[PDB]
Structure formats: structure tokens, C-alpha cells
Amino acid sequence: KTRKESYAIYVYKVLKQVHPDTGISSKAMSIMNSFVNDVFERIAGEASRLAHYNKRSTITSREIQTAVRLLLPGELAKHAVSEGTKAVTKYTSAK
Amino acid sequence: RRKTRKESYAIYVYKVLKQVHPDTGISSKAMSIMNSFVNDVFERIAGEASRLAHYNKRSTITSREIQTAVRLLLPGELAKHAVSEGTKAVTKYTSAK
Amino acid sequence: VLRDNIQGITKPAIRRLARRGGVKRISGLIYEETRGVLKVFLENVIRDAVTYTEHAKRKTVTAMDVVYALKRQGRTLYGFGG
Amino acid sequence: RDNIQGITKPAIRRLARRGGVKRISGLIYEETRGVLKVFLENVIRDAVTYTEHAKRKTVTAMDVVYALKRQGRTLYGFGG
Amino acid sequence: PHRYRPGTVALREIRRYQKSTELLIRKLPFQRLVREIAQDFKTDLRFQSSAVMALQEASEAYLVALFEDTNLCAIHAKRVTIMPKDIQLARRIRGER
Amino acid sequence: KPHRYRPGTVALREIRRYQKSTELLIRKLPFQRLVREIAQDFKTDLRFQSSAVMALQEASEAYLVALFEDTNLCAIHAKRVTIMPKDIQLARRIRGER
Amino acid sequence: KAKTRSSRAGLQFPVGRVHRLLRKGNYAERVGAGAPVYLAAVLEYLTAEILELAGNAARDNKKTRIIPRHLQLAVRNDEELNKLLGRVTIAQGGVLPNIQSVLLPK
Amino acid sequence: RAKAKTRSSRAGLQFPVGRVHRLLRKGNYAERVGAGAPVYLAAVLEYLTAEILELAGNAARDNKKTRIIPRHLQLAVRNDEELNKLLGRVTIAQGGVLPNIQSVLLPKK
DNA sequence: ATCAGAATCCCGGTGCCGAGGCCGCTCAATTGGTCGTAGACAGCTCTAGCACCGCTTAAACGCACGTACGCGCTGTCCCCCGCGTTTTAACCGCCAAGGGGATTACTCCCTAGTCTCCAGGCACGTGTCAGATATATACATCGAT
DNA sequence: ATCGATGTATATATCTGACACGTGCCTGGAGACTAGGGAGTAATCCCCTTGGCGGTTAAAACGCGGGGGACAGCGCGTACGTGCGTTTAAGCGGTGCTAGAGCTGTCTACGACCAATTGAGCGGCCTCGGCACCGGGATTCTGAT
């Protein structure tokens, strides 16, 4: 179909949250979108391998957490893991 | 109890060995290396065919995808001969039941 | 049939590529060596991209084909699609 | 502890001989112990990650093979 | 007249091209080279402009990183000029040669 | 005078001997103690399968041997024979490990 | 009235799209409920880190618009993201302004 | 009911077409798997096994042995260029290295 | 060239233990049938890739010249090799214990699947402002004296 | 130092196209309900990991002499950097057209699924021959003469 799927709007929302005066070029937009896609593919492939190694048939928060601890460097992994459990906690509390 | 089944390519590697070298044997560690090699190349070709099917918005892994994954991963003489063997096998298999 | 287009990667182009790499002084055979290296790299990436193209039954090498070719060798490239 | 010194100077010399090295400086031994400690730390950290995910308390060979596979160096003959 | 000391125009070029972002290979000869290389794999091919641009970006990045490693291993030999043996050493250590 | 080989002959003989063979060149109990010491930092009270330590040792020795090959190559590149730590650092930097 | 899952989790990234991509991307036959939430939070963090350092880089070059050069500076100047994107090429990103000390004039 | 015939026998292969098919279906590679895909994959795996095993048997003969050990697989792989390319990032346990001394290190007259 | 000595290679004998083969079993592949759906093919649209012409101008190119750097040679000294002697701890074997890894059984809750709806996100459109370009200029740095 | 050349940064003004916002729509995501099966948990068992003792021997540690290799200094010559005039083609802008990417519709072949069958493949047991260990003579190779 004519539509294409991208993370433009979400990246912009994060950018406005961080630096609420700065724009982003279209080339830099394409780079950020491909970066999000590449990191998603890495984490998802590692979680798939993780679920396959332990004879599991489901990707859960535990497999995503372990895949983050595997690929992300330690400071990035630590802060992303703590926030991710905070986000999962917020989602379960609100249901 | 009885140990649960652990499948390996040991007997198939041994059959291929008796075909190419009818009198040569193989140790257990070399058999484990061949099993690891078959599993590794299998997961490489299967992941490449999976990515190929995902890139073209398709949902079936066919002989086309496996052939293209062999052309991608395997070096050119090896790819050319592996493609010849795979093509020959798919034709002879389709000719029969 | 295009021919002798490897010399189109001129000597000043290689010197600019070296300057961006931090190279202060360049020999005289570095140009031919770099043309050979670039030819090998381009051959590998273009072979992988033309394989990706032929799989899709297209005749036009898409930029996404080049991106997938680069990803296959581990030389992931951002800015032409994900 | 003293365990990194357990990778003795003759062992590092033997590893260099297998690598084809004819003459070895005296500081290669400490440099090699540091290199080995970092490679081991990366592989073992990833293997213990794979172990903790499996809710195990022992580090299996398979986990080491997986950690190596993630590093991009693939080991044959230990399973997989 | 006035002439610069051999090596400072080179450092000026280093600073200029490390501060800059343009492509350092002319686009039309590189595109012709891409066409010439691709005619062997399949005849009567076509290239998106973005495909040739991505190829050029990858080629320039690869050559610049190779020249960084070449420079490092030329300084390692207590030299400043980079020789072809420096490129050969860098590629052999990287695992491509 | 007792016979002494010229400096570098026994080194070449060792090169041929250890390139001809396949045993592990690091003693197994020191390497095992090192592995457990390193793993003590990621999780306390860990245990190891024997084959896990064996796989770690095979990988470590192959990595170090390939590193010493690259180190020797870049030492010969500098018109030298002795390998220095700067040779190791060059090999690791070109290999994208630094 | 339907409340979106991103607002429930408190994220800007789409939990629904991440769940759909996990389900269609052939990673497992099932996908847990917390997995897209966790993945969206991690992706949002990496985006926020890259964009924060790129905005700082853009301020350093006195610009108010992130271009690929600022993303390259953000990536290659930080160590953790340089480890993360060590095998990654950024188009129009250029290189770090680094000159070797031996080549500097005497 | 017709007598059972293995898919590998139909394809003229030794490697298991049915097991490769089950692994492709359970491996989470695609929602569907073609009929000739496990046939093609088993043929490719059998060919690569035949290549390494032939070269390893040659290496085992050269060392006057009749069993293939990891050393023979390592010699077979690293002595062939194309397989060394395919297994470049691969370390073979108990495989050793190739006998190779740089010519600068050899003695002189 | 020679020769002695140290190390390795080879040849034969003995043993031993792991590879090869056989057998019971069990569960995973095969066969036969059904059904939904996906992809093969036809056909239509319309985008963009290729081809071309012309003008401009900035980059490439050829050459002259000087000089900095690569490279070869020489001397020195230091520090690594190689070998003899002492020490130590790795390894092998043997035994004991226990803890945790793998297995099975039961349950329940968590996720796929379907439906219904509706709002968010994504082509199209637009306008306006950040950055590109141009120009003058100031300024710091390089160089010869 | 110093001043002159000289490239490069900096400050300002015009423009411009690309980015930031609005709109309409439509299709993908959310609420709700269902089944069913995968995962959580609990008990069990056994194997395989950890710990200890002893000897014994090969390897590690240490000392020492010396030689050869790292490294610093020096000379030279040549190859490369810099600059300048010429020429060459890359670039840009407009215009053409047609091949082919991309989308839609239809339908049929093909793969998921499911039940019954059974034979291939795996675990276990046993044995014998390939290989390994030992020892001793032969050959190679190295270094001093």
C-alpha cells in the first residue's frame, strides 16, 4: 500500500521532551528511524534466541530484559532495565 | 530413568563419511564438531531465508529463498555447487512423489 | 559496455579520503592499492545487492537492497531505510 | 587475587609459540594477562547472563557457546 | 615567492575534510564504476539514485576507516608516509585479507 | 663446554612443536581458578560444568593465539622480531577492540 | 473511549506497534503482554540518549536542527553508544576531528 | 495404505528432509515453509558435510590415520580457501593451528 | 666440509577404551484428506531512471623544484634466550556428599483469535524561517628573516 | 620578535526549499469475550559438581652468561608535497520518454492441521581394533671447528 510505517512522530515527541527547541533534519530523521529499527531487530532477535535456548515459546519482559543486558553496554543496560521494569510496573498498576 | 532423546546429525554425517571415505572413521569430538557445523550452517541459511522472506513481504520459505540464502552466505564455487546439488535434489524429488 | 572506470576514482579523491582518515603523507602506489581494495569491496557489496535484487525478481537495484547487502557483511548503514 | 598470575609466563610463551612468535618482550606477559582478563570478563559476563535467564545456578557449556556466538566467535564441538 | 612548509597544507586538508561532510569521490565516475562492476553479475541493470548514494557512502566510510588503520600502522612502523604494505597489514589484521 | 643452541633455534623448535600439536597450553587448574574468580564478580556461589570451563579455555587459547599471530605480523611490519605490548595494542586497535 | 497502551505505560513509543512487529516479525509463536512495553521503553531511552547528545552537539555547532553530523558526533563521542554502534555507518556523518600526535608539527 | 517412503530417499539424500522440515517449522523462521525448502536445505547441508569430510579424510590419510579427529577437520578447513572463508570467525576446539612460520624468522647463512 | 651431540622421527610391541555395531522401544515422520489463504499471474498506472544538450567552472592533470623522509649502515648495550638447578603445584586417581538440573504431573492464567469500533497516524498540502550562499572583513597562524 | 601573506572564521544580508503544522481519512490499534495450552510450581531422583588426600613428576621459578636484536644516530637521494598553468569532465538545469516498480483483482495450487501408523532414530550394552604409550634405533639438524 501507499502508506509506509515509520517512527517519525514518536522520535519527534521524544526530541520535544528532551530539547524543546531543536528540530531534526529529514536525513537525521531517516537515520534515527533506521537506528530504532536496527536496535529493535537486535533486541528482538536476541530475545527470540533466548526463548529458543530455554525451550520457551513466548517472548516476555524477562527475555527482553536479558537481551537488553546482553547487547546494551552496562550503563545503558542498567538504566534501560530499571526504567523498563518501571514502565511494566506502571502498566500493570494501571492495568 | 531413561534419558530423553537428544537429536543429532551424527548418523547422517557418518553415512556421508562412509560414502566419501568408505574406510575412514571419526572420533566423538570430531562428530560433535560436525554436528555443530551442520547446526550452525543450518541456522545461518535459515535465518538468511527468513530475512529474505521478510524483506519481500512474503510468508513462505521456499527453494527460491534457500537458494538465494546459499548464494549469499556460501562462497562462489561452494555456492555454485551447493545450488547445483540442491536444485538437482528438488527436481528429482518433485519428479517422484 | 562501460570500461576502464576504476581510474575514475582519481588520485585527488584517494588523497581526500586519506586526509579524512588523518593520513598526512601518502606514497605513490597507495592509489593503485586503494583502487584495488575499493574494487574488491564494491564487488562484494554489489554481488550481494544484485543477489537480493534477483530474489525479488526486479531489474532495478533498490537502495534497500544495498542496505541489506551491507547489513549482511556487518557494515550496517543508517540513512536509507531500516 | 593471585589467580591471574596463574596464567604463567611459560604458558604465555607457549601460546605465542603456537602463534608463531620467535622473540617475546618481558612486558608481553602482563599485557597478555590484561587482554585475557578482559576477553574472559566479556565472555563470562554474557554466559552468566544466559545462566541467570535460565534461572540456573550452574554455568553450562551451552551458555558459554551462546555467549561466544553473541561475541561473533563460534566454537565447534562443545554442543550447539 | 611564499611557499608553505611540506606538511602543513596536508594538515590543513586533514582538518578541513575531518570537519566536513561532503562526499570526496566524484559522483559520476563512482556511479560509472558501480555500473561497470554490476554488469558482470547481471546485464541491463538499473540503479536507484539512492542506491548509488548508499554504495558511495559505504565505500567512502570503508576507505576512510581503512586509511585510519593504515595511518595507525604506518606510525607504528615509525613512519608518516603510508605504504601499500601498511594497507595490506591493516586488511590482514582486520580479517579481510 | 656444554652445548648451547644459538638464541632463536629452540624458539623455532618450540614454534614447530606447538604449531604441530593441539593440546591446551594453559594449565587447567589455574585457568579454572581464574574463571571462577572472574565469575565471582557477576554472581556469587556460581558453579561450572567441566565442559563449560573447557569451552572457555579453548576459546581463550584460540583468541590469544590469533592475537599473537596478528601481533607477530605487525611486529614484523615494524622491521622487528620481538613482539612488544605496542604490537598487541596495534593489533587490538585495528581489530576494533579498543 | 479507548486509552492507548503507551499512555498506560507512560511512554511515547507505540506499545501497539511494537507488539504487532514482535508478533509478525517471527520471533516466537507467542508474545507476552509486558514485552512490547519493555521494548518500547528501551527503544525510547536509546532514542532519548542519542537525541540528547545530538542536541548538545547541535548547540556546540550553534545549530537548532539535528543533522547527521550531530548524530555522528553524539555517537562517536560517547563511549557506550560507540560500542553499541561500532559496526554501524552513519550517512553524511563524517568522522571525529582526530589528528595523530606524531603528525603534528615539531 | 502405501508403504512408507522417507522424504530423504525420495530426494536421494542422506540428511533428514523431515527433521529439517520440522526444524524450519519450529525454528520461527516464517509462518509457512515450502515443500522443496527442506529438500534444498538438506541437499546443501549434505554437500557441505561431504566437502569437509572428504578433505578431512584426505588429511587423516596424510597423517596415516583412519579416524578423523578435530585436528584433521581444522587442517581440512584452514587448508581450503573457500571453507576457511565460510568458517573464518569459527574456532574449532582441539583443532590446533596451521603450521606457518614467517620467512623473516627463519635462520640465515 | 666435518663431526658430535641433542632432538625428533620411525618402527615395533602391548594395552585399553572408545568407536562401531546390534537390539529394544517410542515418538516423530509419513500418508491421506480437508480447507483457508497466499502468491502467481494479468493488467493498469505513473514514477523515476536513463538519455541527451549546453554551459560553467572547479577539479584534475602535467610538470618543475626543493626538501623531508624512508632507508641503509654502524655502533652500543641491554635484555631476552637458553640451560642448569631447585621448588611447587598440576594432575591423576580415588572417595564422599549434596545440591541442583532435569523430569513429570497438576493447575490456572495469559495470550491468540475474532469482533466491533474509533481515533491515531500517515499522504497531501502549505507557509515561513533556519540555514545556505555571497560578500566583506578580521584574525590568527605560518614562514622567512 | 615580526610583519606579510594567507587561508579561514565571523558577522551580516538575501533567499529558498524543507521542515513543522493542519486536515481528512482509513486502517490499525483498543475494549471485550472466548478457549486452550504453555508456563508456573511442587516433588523426586540421580548425576555431576565440589571438596579433600596423597604422591609424583613435570613444569614453573630463578640465576646467569652472552649474543643478537632493539634502538639511536647519521648520511643520502629520491619520491612526494606544493604551486601554477592548462584542460577536462563533473555538475546543474531542462526536457523526454519509456521501462519497470508498485498496486489491485482473481483464483488455484499449496501448505497448515489432524488423526492413525510405523519404522527410523536414539539410548544402552558389548566388543575389538585404532591409537596411544613405551622404548629403542635411525635420521635430521644444528653449531663449533
Side-chain angles (χ1 to χ4, degrees), chain A residues 1-6 8-9 12 23-26 56-58, chain B residues 1-8 11 14 25-28 58-60, chain C residues 10-12 25-28 58-60 62, chain D residues 8-11 23-26 56-58, chain E residues 1-10 12 26-29 46-49 79-81, chain F residues 1-11 13 27-30 47-50 80-82, chain G residues 2-5 14 16-17 19-20 23 29-33 63-65 105, chain H residues 1-2 4-7 16 18-19 21-22 25 31-35 65-67 107:
Chain A
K1 304 177 282 288
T2 311
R3 299 164 56 289
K4 303 329 172 234
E5 189 64 34
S6 83
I9 307 108
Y12 223 82
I24 174 157
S25 147
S26 72
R56 301 287 181 130
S57 57
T58 181
Chain B
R1 302 190 195 100
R2 194 73 131 64
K3 305 175 178 64
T4 52
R5 275 202 175 52
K6 282 47 159 175
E7 316 168 332
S8 67
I11 54 194
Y14 202 105
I26 177 162
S27 69
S28 150
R58 295 285 205 56
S59 64
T60 305
Chain C
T10 47
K11 177 174 135 192
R25 189 175 148 105
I26 309 170
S27 162
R58 283 181 282 110
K59 297 188 275 333
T60 295
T62 284
Chain D
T8 68
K9 174 210 166 177
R23 206 165 181 278
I24 307 173
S25 176
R56 275 194 266 97
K57 299 213 207 43
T58 195
Chain E
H2 177 277
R3 185 182 295 276
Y4 277 108
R5 271 295 253 130
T8 175
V9 183
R12 223 161 56 213
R26 299 294 102 189
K27 298 185 174 65
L28 216 52
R46 288 174 183 262
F47 281 84
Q48 301 195 346
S49 54
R79 275 188 281 102
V80 293
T81 309
Chain F
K1 40 207 184 294
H3 185 88
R4 176 174 280 265
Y5 284 111
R6 292 177 64 84
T9 288
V10 190
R13 203 157 60 224
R27 295 291 160 261
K28 295 194 183 2
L29 259 68
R47 299 155 81 90
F48 282 77
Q49 294 198 348
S50 324
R80 264 190 288 111
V81 162
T82 314
Chain G
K3 173 155 29 44
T4 199
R5 282 194 278 167
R17 189 200 283 210
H19 196 172
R20 187 201 64 193
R23 281 196 272 94
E29 69 149 320
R30 293 156 101 255
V31 167
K63 260 70 154 43
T64 172
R65 196 178 292 171
Chain H
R1 200 208 186 182
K5 195 149 22 183
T6 52
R7 267 197 266 181
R19 165 181 291 172
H21 190 240
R22 179 206 80 215
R25 282 193 283 99
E31 72 152 38
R32 295 146 59 82
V33 171
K65 302 297 204 62
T66 85
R67 269 177 208 160

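Chain letters run A, B, ... following the sequence lines, proteins first, then strands; residues in each count from 1. The analysis underlying the following values was restricted to heavy atoms, covering all of them including side chains, and did not include hydrogens, waters or symmetry mates.
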Bend of the helix from I:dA1-J:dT145 to I:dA136-J:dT10 from end-axis comparison, five pairs per end, nearest 10°, comes to 140°

[options]: which one has an atom nearest the side-chain heavy atoms of [X]?
X       : options                  : result
G:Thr64 : I:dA130, J:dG81, J:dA30  : I:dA130
E:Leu28 : I:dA29, I:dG100, J:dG91  : J:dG91
A:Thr2  : J:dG69, I:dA123, J:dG100 : I:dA123
G:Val31 : J:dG29, I:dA112, I:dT31  : I:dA112
B:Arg2  : J:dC19, I:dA112, I:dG24  : I:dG24
E:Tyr4  : J:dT6, J:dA101, I:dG70   : J:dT6
F:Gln49 : J:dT49, I:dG82, I:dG21   : J:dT49
F:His3  : J:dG143, I:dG70, J:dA61  : J:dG143
A:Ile9  : I:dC122, J:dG81, J:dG124 : I:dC122

Contact under 4.0 Å: [X] side-chain N or O vs [N] OP1/OP2:
X       : N       : value
F:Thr9  : J:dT142 : no
C:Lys11 : I:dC61  : no
C:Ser27 : J:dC80  : yes
B:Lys3  : J:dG123 : no
B:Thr4  : I:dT103 : yes
A:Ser57 : J:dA39  : yes
F:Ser50 : J:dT49  : yes
D:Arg56 : I:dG99  : no
C:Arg25 : I:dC69  : no
C:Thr60 : J:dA101 : yes
A:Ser26 : J:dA18  : no
G:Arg17 : I:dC122 : yes
H:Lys65 : J:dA132 : yes

Once hydrogens and angles are ignored, does a donor-acceptor distance under 3.5 Å link the base of [N] to the side chain of [X]?
X       : N       : answer
G:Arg30 : I:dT111 : no
E:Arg12 : I:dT141 : no
F:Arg4  : I:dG82  : yes

Atom pair CZ/OG of G:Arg30 and A:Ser57 - distance to nearest 0.5 Å
5.5 Å

How do A:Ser6 and D:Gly26 order along DNA chain I: which one's closest nucleotide is nearer the 5' end?
D:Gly26

Starting at the 5' end of DNA chain I and moving along, which residue's nearest nucleotide shows up first, A:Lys4 or B:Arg1?
B:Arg1

Using a 4.0 Å heavy-atom cut-off, does [X] contact any base of the nucleic acid, only the sugar-phosphate backbone, or nothing at all?
X       : answer
E:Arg26 : sugar-phosphate
F:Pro30 : sugar-phosphate
H:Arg1  : base
B:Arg5  : base
E:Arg3  : base
F:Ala11 : sugar-phosphate
C:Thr62 : nothing

Provide the closest heavy-atom pair for [X] versus [Y] in the form atom of the first, atom of the second, distance.
X       : Y       : value
H:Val33 : B:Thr60 : C-CG2, 4.1 Å
B:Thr4  : B:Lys6  : OG1-NZ, 2.7 Å
F:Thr82 : D:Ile24 : CG2-C, 3.7 Å

Go through it in stages, so that I can follow the logic: the residues are E:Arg46 and C:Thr60, the test is side chain to side chain donor-acceptor pair (under 3.5 Å), and I'd like the CA-CA distance, side-chain angles, deciding distance and then a yes or no.
CA-CA 4 Å; E:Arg46 288 174 183 262; C:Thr60 295; 5.0 Å; no

What is the distance from CZ of F:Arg6 to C1' of I:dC83, rounded to the nearest Å?
16 Å

Around H:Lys5, counting heavy atoms of other residues, nucleotides and ligands shown, do more than 12 lie under 6.0 Å from its NZ?
no

